[PDB]
file coords.cif (mmCIF, C-alpha atoms and all ligand atoms)
data_coords
loop_
_atom_site.group_PDB
_atom_site.id
_atom_site.type_symbol
_atom_site.label_atom_id
_atom_site.label_comp_id
_atom_site.auth_asym_id
_atom_site.auth_seq_id
_atom_site.Cartn_x
_atom_site.Cartn_y
_atom_site.Cartn_z
ATOM 1 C CA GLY S 1 -27.824 13.371 9.928
ATOM 2 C CA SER S 2 -25.948 10.423 8.444
ATOM 3 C CA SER S 3 -27.041 7.762 10.934
ATOM 4 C CA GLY S 4 -26.702 4.288 9.455
ATOM 5 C CA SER S 5 -23.752 1.907 9.250
ATOM 6 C CA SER S 6 -24.466 -1.137 7.084
ATOM 7 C CA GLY S 7 -21.823 -3.807 7.589
ATOM 8 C CA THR S 8 -18.280 -3.412 8.893
ATOM 9 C CA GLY S 9 -15.158 -2.822 6.824
ATOM 10 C CA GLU S 10 -11.999 -1.320 8.298
ATOM 11 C CA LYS S 11 -8.587 -0.841 6.686
ATOM 12 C CA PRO S 12 -5.025 -0.726 8.082
ATOM 13 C CA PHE S 13 -3.540 1.571 5.439
ATOM 14 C CA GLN S 14 -5.129 4.793 4.188
ATOM 15 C CA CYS S 15 -4.406 7.630 1.759
ATOM 16 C CA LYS S 16 -3.339 10.991 3.185
ATOM 17 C CA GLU S 17 -4.311 12.770 -0.034
ATOM 18 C CA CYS S 18 -7.940 11.786 -0.610
ATOM 19 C CA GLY S 19 -8.434 9.148 2.069
ATOM 20 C CA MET S 20 -8.387 6.143 -0.250
ATOM 21 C CA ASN S 21 -7.881 2.919 1.705
ATOM 22 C CA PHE S 22 -5.822 -0.093 0.627
ATOM 23 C CA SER S 23 -5.615 -3.588 2.115
ATOM 24 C CA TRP S 24 -1.944 -4.009 1.216
ATOM 25 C CA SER S 25 0.842 -1.565 2.079
ATOM 26 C CA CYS S 26 2.674 -0.981 -1.203
ATOM 27 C CA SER S 27 -0.596 -0.858 -3.142
ATOM 28 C CA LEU S 28 -1.440 2.480 -1.525
ATOM 29 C CA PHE S 29 1.835 3.901 -2.838
ATOM 30 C CA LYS S 30 0.830 2.939 -6.378
ATOM 31 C CA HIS S 31 -2.160 5.226 -5.826
ATOM 32 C CA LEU S 32 -0.393 7.960 -3.857
ATOM 33 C CA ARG S 33 1.561 8.787 -7.014
ATOM 34 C CA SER S 34 -1.734 9.977 -8.499
ATOM 35 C CA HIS S 35 -1.060 13.044 -6.352
ATOM 36 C CA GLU S 36 2.712 13.207 -6.815
ATOM 37 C CA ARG S 37 2.307 13.552 -10.580
ATOM 38 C CA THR S 38 -1.049 15.284 -11.039
ATOM 39 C CA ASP S 39 -2.631 17.694 -8.559
ATOM 40 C CA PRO S 40 -6.211 17.192 -7.300
ATOM 41 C CA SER S 41 -6.799 20.877 -8.035
ATOM 42 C CA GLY S 42 -7.264 21.748 -4.374
ATOM 43 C CA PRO S 43 -8.317 20.072 -1.107
ATOM 44 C CA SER S 44 -10.566 17.280 -2.377
ATOM 45 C CA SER S 45 -11.098 15.862 1.112
ATOM 46 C CA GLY S 46 -11.842 18.180 4.017
HETATM 47 ZN ZN ZN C 1 -5.372 9.426 -2.678
#
call {"tool": "encode", "arguments": {"input": "coords.cif", "output": "structure tokens", "more": "lines below"}}
Ligand SMILES: [Zn+2]
result
Amino acid sequence: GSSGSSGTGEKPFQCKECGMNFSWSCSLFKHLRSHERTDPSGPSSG
């Protein structure tokens, strides 16, 4: 299976719609709207 982690990169904030991560806090919100206005057309992320 997927066995290979090249480099390390974690994130404090994360999207609860698609999983998109964002360094800042507010930033995420600016992206979250993408779901508040338009629908992803179903569960994009498991
Ligand atoms: Zn998202």
call {"tool": "atom_distance", "arguments": {"input": "coords.cif", "atom1": "CA of residue 11 (chain S)", "atom2": "CA of residue 30 (chain S)"}}
result
16.5 Å
call {"tool": "closest_residue", "arguments": {"input": "coords.cif", "among": "S:1, S:13, S:18, S:7", "to": "residue 41 (chain S)", "atoms": "all atoms listed in the file"}}
result
S:18
call {"tool": "residues_around", "arguments": {"input": "coords.cif", "residues": "residue 23 (chain S)", "least_positions_apart": "4", "cutoff": "10 Å", "atoms": "only C-alpha atoms", "output": "list in words"}}
result
residues 10, 11, 12, 13, 14, 27 and 28 of chain S
call {"tool": "resolve_selection", "arguments": {"input": "coords.cif", "expression": "the PyMOL selection byres (((not hetatm)) within 10 of (chain C and resi 1))", "output": "PyMOL selection string"}}
result
chain S and resi 14-21+28-36+40+44-45
call {"tool": "write_last_selection", "arguments": {"input": "coords.cif", "atoms": "C-alpha atoms", "output": "compact mmCIF listing (two decimals), in the frame of the given file"}}
result
# COMPACT_ATOMS: atom_id res chain seq x y z
CA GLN S 14 -5.13 4.79 4.19
CA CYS S 15 -4.41 7.63 1.76
CA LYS S 16 -3.34 10.99 3.18
CA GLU S 17 -4.31 12.77 -0.03
CA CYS S 18 -7.94 11.79 -0.61
CA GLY S 19 -8.43 9.15 2.07
CA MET S 20 -8.39 6.14 -0.25
CA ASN S 21 -7.88 2.92 1.70
CA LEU S 28 -1.44 2.48 -1.52
CA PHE S 29 1.84 3.90 -2.84
CA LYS S 30 0.83 2.94 -6.38
CA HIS S 31 -2.16 5.23 -5.83
CA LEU S 32 -0.39 7.96 -3.86
CA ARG S 33 1.56 8.79 -7.01
CA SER S 34 -1.73 9.98 -8.50
CA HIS S 35 -1.06 13.04 -6.35
CA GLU S 36 2.71 13.21 -6.82
CA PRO S 40 -6.21 17.19 -7.30
CA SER S 44 -10.57 17.28 -2.38
CA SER S 45 -11.10 15.86 1.11
call {"tool": "axis_aligned_box", "arguments": {"input": "coords.cif", "around": "region 9-24 of chain S", "padding_each_side": "4 Å", "output": "JSON"}}
result
{"center_x": -8.6, "center_y": 4.4, "center_z": 3.8, "size_x": 21.2, "size_y": 24.8, "size_z": 16.9}
